[PDB]
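What follows is coords-v4.txt (compact mmCIF, C-alpha atoms).
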```
# COMPACT_ATOMS: atom_id res chain seq x y z
CA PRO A 26 9.96 16.43 -19.74
CA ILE A 27 10.58 17.11 -16.06
CA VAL A 28 12.81 20.14 -15.57
CA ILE A 29 15.32 20.37 -12.74
CA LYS A 30 16.75 23.85 -12.42
CA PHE A 31 19.96 23.57 -10.37
CA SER A 32 21.11 26.96 -9.13
CA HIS A 33 24.39 27.63 -7.34
CA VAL A 34 26.69 30.55 -6.53
CA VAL A 35 30.10 29.27 -7.60
CA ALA A 36 32.13 29.28 -10.83
CA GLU A 37 31.83 26.39 -13.29
CA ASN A 38 35.43 25.24 -12.81
CA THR A 39 34.96 24.20 -9.18
CA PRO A 40 33.89 21.04 -7.28
CA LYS A 41 30.24 22.12 -7.16
CA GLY A 42 30.25 23.63 -10.64
CA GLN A 43 31.60 20.42 -12.15
CA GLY A 44 29.30 18.26 -10.04
CA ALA A 45 26.20 20.13 -11.22
CA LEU A 46 27.31 19.70 -14.85
CA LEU A 47 28.12 16.00 -14.38
CA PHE A 48 24.66 15.55 -12.89
CA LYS A 49 23.16 17.22 -15.98
CA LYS A 50 25.19 15.02 -18.35
CA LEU A 51 24.37 11.69 -16.66
CA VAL A 52 20.71 12.49 -16.16
CA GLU A 53 20.22 13.52 -19.80
CA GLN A 54 22.05 10.41 -20.98
CA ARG A 55 20.06 8.07 -18.69
CA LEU A 56 16.69 9.93 -18.74
CA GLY A 57 16.88 11.80 -22.08
CA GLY A 58 13.60 13.46 -23.07
CA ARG A 59 12.21 12.56 -19.63
CA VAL A 60 14.31 14.77 -17.34
CA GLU A 61 16.17 17.96 -18.27
CA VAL A 62 18.70 19.61 -15.96
CA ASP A 63 19.21 23.37 -16.39
CA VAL A 64 22.33 24.49 -14.49
CA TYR A 65 22.71 28.11 -13.39
CA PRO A 66 26.18 28.87 -11.93
CA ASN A 67 27.61 32.05 -10.40
CA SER A 68 24.29 33.24 -8.94
CA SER A 69 22.88 33.62 -12.47
CA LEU A 70 19.45 32.44 -11.30
CA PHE A 71 19.51 32.99 -7.52
CA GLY A 72 22.24 34.11 -5.13
CA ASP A 73 22.92 33.35 -1.46
CA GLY A 74 20.21 35.55 -0.04
CA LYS A 75 17.28 34.23 -2.06
CA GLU A 76 17.94 30.64 -3.20
CA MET A 77 16.34 28.77 -0.28
CA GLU A 78 13.00 30.49 -0.52
CA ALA A 79 13.07 30.04 -4.30
CA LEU A 80 13.55 26.32 -3.70
CA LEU A 81 10.61 26.23 -1.25
CA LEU A 82 8.42 28.15 -3.72
CA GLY A 83 9.35 25.88 -6.63
CA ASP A 84 11.24 28.44 -8.79
CA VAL A 85 14.26 26.11 -8.58
CA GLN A 86 14.39 22.33 -7.99
CA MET A 87 17.94 21.70 -6.70
CA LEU A 88 20.55 23.63 -4.72
CA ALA A 89 23.79 22.74 -2.96
CA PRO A 90 24.43 25.48 -0.35
CA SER A 91 27.30 25.53 2.09
CA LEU A 92 26.56 23.76 5.39
CA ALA A 93 27.26 27.19 6.97
CA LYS A 94 24.08 28.66 5.51
CA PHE A 95 21.22 26.66 7.03
CA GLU A 96 20.62 28.33 10.44
CA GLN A 97 17.26 29.80 9.37
CA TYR A 98 15.97 26.23 8.72
CA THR A 99 17.85 24.11 11.31
CA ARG A 100 20.64 24.63 13.82
CA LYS A 101 21.66 20.97 13.62
CA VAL A 102 24.23 21.46 10.90
CA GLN A 103 26.12 24.22 12.78
CA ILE A 104 28.56 21.51 13.85
CA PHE A 105 30.17 21.77 10.42
CA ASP A 106 31.23 25.38 11.07
CA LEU A 107 33.13 24.74 14.33
CA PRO A 108 36.81 25.61 13.76
CA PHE A 109 39.35 22.79 13.95
CA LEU A 110 36.63 20.20 14.65
CA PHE A 111 37.62 18.25 11.52
CA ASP A 112 41.31 17.79 10.77
CA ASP A 113 40.77 17.28 7.05
CA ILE A 114 38.10 16.42 4.51
CA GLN A 115 38.57 12.70 5.23
CA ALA A 116 37.41 13.42 8.81
CA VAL A 117 34.43 15.42 7.53
CA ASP A 118 33.57 12.53 5.24
CA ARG A 119 33.63 9.99 8.09
CA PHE A 120 31.12 12.13 9.98
CA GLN A 121 28.92 12.75 6.94
CA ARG A 122 28.78 9.05 6.03
CA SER A 123 28.07 7.92 9.61
CA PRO A 124 24.51 7.29 10.91
CA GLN A 125 24.50 10.67 12.68
CA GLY A 126 25.73 12.49 9.54
CA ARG A 127 23.12 10.80 7.36
CA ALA A 128 20.37 11.81 9.77
CA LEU A 129 21.22 15.50 9.24
CA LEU A 130 20.06 15.12 5.60
CA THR A 131 16.50 15.02 6.97
CA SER A 132 17.05 17.84 9.50
CA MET A 133 14.91 20.23 7.42
CA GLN A 134 12.22 17.80 6.26
CA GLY A 135 9.64 19.56 8.47
CA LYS A 136 10.46 22.74 6.53
CA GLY A 137 9.90 20.97 3.16
CA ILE A 138 13.62 20.51 2.36
CA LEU A 139 15.17 17.13 1.57
CA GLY A 140 18.95 16.47 1.69
CA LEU A 141 20.16 14.12 -1.05
CA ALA A 142 23.92 14.06 -0.56
CA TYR A 143 26.98 15.80 0.83
CA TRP A 144 29.48 17.26 -1.63
CA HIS A 145 32.97 18.32 -0.62
CA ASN A 146 34.74 21.52 -1.54
CA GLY A 147 37.65 21.71 0.84
CA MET A 148 39.31 23.21 3.89
CA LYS A 149 39.19 26.91 4.58
CA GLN A 150 42.21 29.17 4.58
CA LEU A 151 42.54 32.77 5.78
CA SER A 152 43.28 35.87 3.72
CA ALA A 153 43.90 39.54 4.45
CA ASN A 154 45.68 42.72 3.27
CA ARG A 155 48.30 42.07 5.95
CA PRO A 156 50.14 38.88 7.03
CA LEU A 157 48.22 36.52 9.32
CA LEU A 158 51.02 34.68 11.13
CA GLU A 159 49.54 34.43 14.62
CA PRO A 160 46.01 35.07 15.94
CA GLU A 161 46.95 38.51 17.28
CA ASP A 162 47.32 39.53 13.60
CA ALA A 163 43.54 39.23 13.06
CA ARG A 164 42.78 41.78 15.79
CA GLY A 165 40.85 44.76 14.43
CA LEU A 166 40.46 43.33 10.91
CA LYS A 167 37.13 43.12 9.05
CA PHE A 168 36.35 39.64 7.77
CA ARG A 169 33.69 38.70 5.29
CA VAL A 170 31.83 35.57 6.42
CA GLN A 171 29.04 33.37 5.19
CA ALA A 172 25.79 34.10 7.05
CA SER A 173 26.53 31.93 10.09
CA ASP A 174 26.30 32.73 13.81
CA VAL A 175 29.19 30.31 14.40
CA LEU A 176 31.46 32.13 11.94
CA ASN A 177 30.47 35.51 13.41
CA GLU A 178 31.56 34.16 16.81
CA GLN A 179 34.77 32.75 15.36
CA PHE A 180 35.98 36.21 14.35
CA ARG A 181 34.55 37.92 17.41
CA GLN A 182 36.76 35.50 19.41
CA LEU A 183 39.76 36.79 17.42
CA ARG A 184 38.81 40.39 18.37
CA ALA A 185 37.90 41.14 14.75
CA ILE A 186 34.82 42.47 13.03
CA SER A 187 32.79 40.15 10.82
CA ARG A 188 30.41 41.13 8.03
CA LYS A 189 27.93 38.71 6.54
CA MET A 190 27.95 39.09 2.78
CA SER A 191 26.69 37.08 -0.16
CA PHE A 192 29.35 35.12 -2.02
CA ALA A 193 28.81 37.16 -5.21
CA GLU A 194 29.75 40.38 -3.38
CA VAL A 195 33.04 39.30 -1.74
CA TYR A 196 35.38 40.65 -4.45
CA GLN A 197 33.87 44.13 -4.43
CA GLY A 198 33.58 44.05 -0.65
CA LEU A 199 37.37 43.62 -0.37
CA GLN A 200 38.10 45.99 -3.24
CA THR A 201 36.17 48.87 -1.58
CA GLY A 202 37.53 48.05 1.87
CA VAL A 203 34.15 47.40 3.60
CA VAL A 204 35.95 44.16 4.48
CA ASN A 205 39.71 43.52 4.33
CA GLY A 206 40.01 39.77 4.99
CA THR A 207 38.02 36.56 4.63
CA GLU A 208 38.18 32.77 4.76
CA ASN A 209 37.53 30.31 1.94
CA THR A 210 38.81 27.34 -0.04
CA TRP A 211 41.57 27.80 -2.63
CA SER A 212 39.06 26.96 -5.36
CA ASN A 213 36.67 29.74 -4.37
CA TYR A 214 39.46 32.23 -3.94
CA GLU A 215 41.06 31.65 -7.35
CA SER A 216 37.88 31.10 -9.35
CA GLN A 217 36.46 34.46 -8.22
CA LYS A 218 39.88 36.19 -8.54
CA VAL A 219 39.79 37.26 -4.89
CA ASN A 220 43.57 36.77 -4.81
CA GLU A 221 43.66 40.01 -6.86
CA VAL A 222 42.51 41.95 -3.76
CA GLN A 223 44.11 39.76 -1.06
CA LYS A 224 47.90 39.78 -1.00
CA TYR A 225 48.34 37.47 2.01
CA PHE A 226 47.00 33.97 2.55
CA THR A 227 47.59 31.68 5.51
CA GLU A 228 47.16 27.92 5.00
CA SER A 229 45.29 27.42 8.28
CA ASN A 230 42.88 24.59 7.30
CA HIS A 231 40.81 25.94 10.23
CA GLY A 232 37.39 24.97 8.90
CA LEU A 233 35.71 23.75 5.73
CA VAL A 234 33.27 24.50 3.00
CA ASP A 235 31.11 21.51 2.15
CA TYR A 236 27.65 21.32 0.71
CA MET A 237 24.36 19.64 1.23
CA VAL A 238 22.64 18.91 -2.09
CA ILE A 239 18.98 19.67 -1.43
CA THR A 240 15.65 19.68 -3.21
CA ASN A 241 12.03 20.65 -2.57
CA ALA A 242 10.35 17.65 -0.90
CA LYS A 243 7.04 18.34 -2.67
CA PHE A 244 8.79 18.30 -6.04
CA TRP A 245 10.96 15.28 -5.20
CA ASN A 246 8.05 13.31 -3.75
CA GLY A 247 5.88 14.22 -6.77
CA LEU A 248 8.28 12.60 -9.25
CA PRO A 249 7.32 9.23 -10.79
CA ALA A 250 8.99 6.67 -8.53
CA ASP A 251 11.34 5.35 -11.24
CA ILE A 252 12.59 8.84 -12.00
CA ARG A 253 13.17 9.59 -8.31
CA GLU A 254 15.02 6.35 -7.63
CA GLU A 255 17.21 6.76 -10.75
CA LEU A 256 18.05 10.39 -9.98
CA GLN A 257 19.18 9.30 -6.52
CA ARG A 258 21.44 6.63 -7.95
CA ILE A 259 22.93 9.18 -10.36
CA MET A 260 23.38 11.69 -7.56
CA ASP A 261 25.36 9.13 -5.55
CA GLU A 262 27.58 8.44 -8.59
CA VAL A 263 28.19 12.15 -9.14
CA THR A 264 28.98 12.56 -5.44
CA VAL A 265 31.79 9.99 -5.72
CA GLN A 266 33.27 11.99 -8.61
CA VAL A 267 32.88 15.36 -6.90
CA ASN A 268 34.50 14.03 -3.73
CA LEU A 269 37.28 12.18 -5.54
CA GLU A 270 38.42 15.33 -7.33
CA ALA A 271 37.69 18.20 -4.89
CA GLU A 272 41.16 17.82 -3.36
CA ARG A 273 42.84 18.13 -6.75
CA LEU A 274 40.75 21.13 -7.89
CA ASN A 275 41.75 22.91 -4.67
CA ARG A 276 45.41 22.01 -5.07
CA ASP A 277 45.31 23.26 -8.68
CA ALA A 278 43.69 26.50 -7.50
CA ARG A 279 46.46 26.96 -4.92
CA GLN A 280 49.01 26.55 -7.77
CA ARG A 281 47.20 29.21 -9.83
CA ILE A 282 47.25 31.60 -6.85
CA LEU A 283 51.02 31.19 -6.61
CA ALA A 284 51.34 31.63 -10.40
CA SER A 285 49.48 34.97 -10.19
CA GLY A 286 52.55 36.62 -8.67
CA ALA A 287 50.35 38.96 -6.62
CA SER A 288 49.78 36.90 -3.45
CA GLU A 289 51.82 34.87 -1.01
CA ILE A 290 50.94 31.87 1.11
CA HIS A 291 52.19 31.48 4.68
CA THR A 292 52.81 27.97 6.04
CA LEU A 293 52.07 27.99 9.76
CA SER A 294 54.85 26.84 12.07
CA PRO A 295 53.87 24.16 14.65
CA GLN A 296 53.68 26.84 17.33
CA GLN A 297 51.48 29.06 15.15
CA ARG A 298 49.18 26.10 14.44
CA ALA A 299 48.75 25.57 18.16
CA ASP A 300 48.20 29.28 18.75
CA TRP A 301 45.44 29.51 16.16
CA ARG A 302 43.69 26.43 17.56
CA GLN A 303 43.85 27.84 21.11
CA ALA A 304 42.46 31.19 19.97
CA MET A 305 39.56 29.70 18.04
CA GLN A 306 38.50 26.57 19.99
CA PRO A 307 36.58 28.66 22.65
CA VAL A 308 33.79 29.25 20.14
CA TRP A 309 32.68 25.65 20.61
CA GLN A 310 31.44 26.61 24.10
CA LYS A 311 28.56 28.56 22.54
CA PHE A 312 27.41 25.74 20.24
CA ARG A 313 27.31 22.53 22.30
```
Show me this structure written as structure tokens.
Amino acid sequence: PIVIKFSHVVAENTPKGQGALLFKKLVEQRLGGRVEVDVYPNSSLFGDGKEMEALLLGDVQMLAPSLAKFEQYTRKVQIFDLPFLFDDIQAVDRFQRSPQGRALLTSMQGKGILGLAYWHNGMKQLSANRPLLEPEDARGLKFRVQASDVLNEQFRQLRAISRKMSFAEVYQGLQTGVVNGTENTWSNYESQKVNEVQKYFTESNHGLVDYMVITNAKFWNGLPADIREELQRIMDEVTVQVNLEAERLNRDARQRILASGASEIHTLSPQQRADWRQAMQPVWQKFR
């Protein structure tokens, strides 16, 4: 029995968490006794800082990191971090499914990493301990970010401080005050209870969190051909399900945040929307 350990950093009740479990279910139903999928959520096997090298070493067989986290291996997927480049997940999808988007799946092949699919999470929102109505409001704040040069620049542009931190550490980061704001999808915010330490959200939709499902090329290429081809067909099926439901899981998470009674969500006025775009679009200059 071939074992595929799939490690990720999110909660089970999320787009990625459910996708990893659906992959497990369909593989074990279609390849029972031949392939086993062992899913490790919430950084229970490896966290942000160590998963990629574990994949390269063969300690894990499948990951699905945020597109924001690949700079050490390629700078070709930085495009996905540019603020306001994609209006919505449908726009992201059009890029991902296009010839140019598909080619990025092989961007790390020379490093021994193979991209198998894109999975959606959703658009990013802003949070802080004070209201974020207009860009001036971010000045002097300390935002947690994924480990991305683009996202560092995004907050530098807003005259704020950014701090790269692993996803597992965000809650305590905000609780202790080493950071006091961040950006993320509704799903990630609610599932990790970060709304408990962030009173104010702004529905900015200013970026996204999406994933590239990846494996170790040596492992993937070493599989019997039938197993590899079948796994790829199953992955594509799972991807349709992940992507069909990611919008709903995020909307449900937003509802939970409102039902918590401890946070509020600001709807940007048209003028505020334009102001945030103007303040953030200059970061594209540095990543042509």
Practice problem: Would you kindly return, as a count of residues only, each protein, DNA or RNA residue with an atom no farther than 8 Å from any atom of stretch 34-40 of chain A, considering all atoms listed in the file and excluding same-chain residues fewer than 6 positions away? | Solution: 20
Self-check item: Long-range neighbours of stretch 174-180 of chain A as a PyMOL selection string, 10 Å cut-off, only C-alpha atoms, 2 positions minimum in chain
Solution: chain A and resi 93-94+96+100+103-108+163-172+182-189+207-208+232+304-309+311-312
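Of note, atom CA of residue A:280 and atom CA of residue A:46 are spaced 23.8 Å apart.
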Self-check item: Long-range neighbours of residue A:47 as a count of residues only, 10 Å cut-off, all atoms listed in the file, 2 positions minimum in chain
Solution: 17
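Here atom CA of residue A:295 and atom CA of residue A:181 stand 23.9 Å from one another.
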Self-check item: Selection near residue A:242, 8 Å with only C-alpha atoms, sequence-local residues under 4 positions removed, as a PyMOL selection string
Solution: chain A and resi 134+137-139+246
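Note that the spacing between atom CA of residue A:301 and atom CA of residue A:155 amounts to 16.4 Å.
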Exercise. Fewer than 4 positions away in the same chain doesn't count, so skip those; otherwise give me all residues within 10 Å of residue A:303, counting all atoms listed in the file, as a list in words.
Key: residues 109, 160, 297, 298, 299 and 307 of chain A
Would you output that residue set with C-alpha atoms, as a PDB file, keeping the file's coordinate frame?
```pdb
ATOM      1  CA  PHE A 109      39.350  22.790  13.950  1.00  0.00           C
ATOM      2  CA  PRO A 160      46.010  35.070  15.940  1.00  0.00           C
ATOM      3  CA  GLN A 297      51.480  29.060  15.150  1.00  0.00           C
ATOM      4  CA  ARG A 298      49.180  26.100  14.440  1.00  0.00           C
ATOM      5  CA  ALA A 299      48.750  25.570  18.160  1.00  0.00           C
ATOM      6  CA  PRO A 307      36.580  28.660  22.650  1.00  0.00           C
TER       7      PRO A 307
END
```
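With all atoms listed in the file as the atoms that count, the residue of A:220, A:227, A:123, A:310 with the shortest distance to residue A:278 is A:220.
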Within 9 Å of stretch 55-63 of chain A, which residues of stretch 244-300 of chain A show up? Give each one with its shortest atom-to-atom distance in Å (one decimal) and the two atoms involved, counting only C-alpha atoms, rows by chain then rising residue number, as a Markdown table.
```
| residue | atom | partner | partner_atom | distance |
| --- | --- | --- | --- | --- |
| A:252 | CA | A:56 | CA | 8.0 |
| A:255 | CA | A:55 | CA | 8.5 |
| A:256 | CA | A:56 | CA | 8.9 |
| A:259 | CA | A:55 | CA | 8.9 |
```
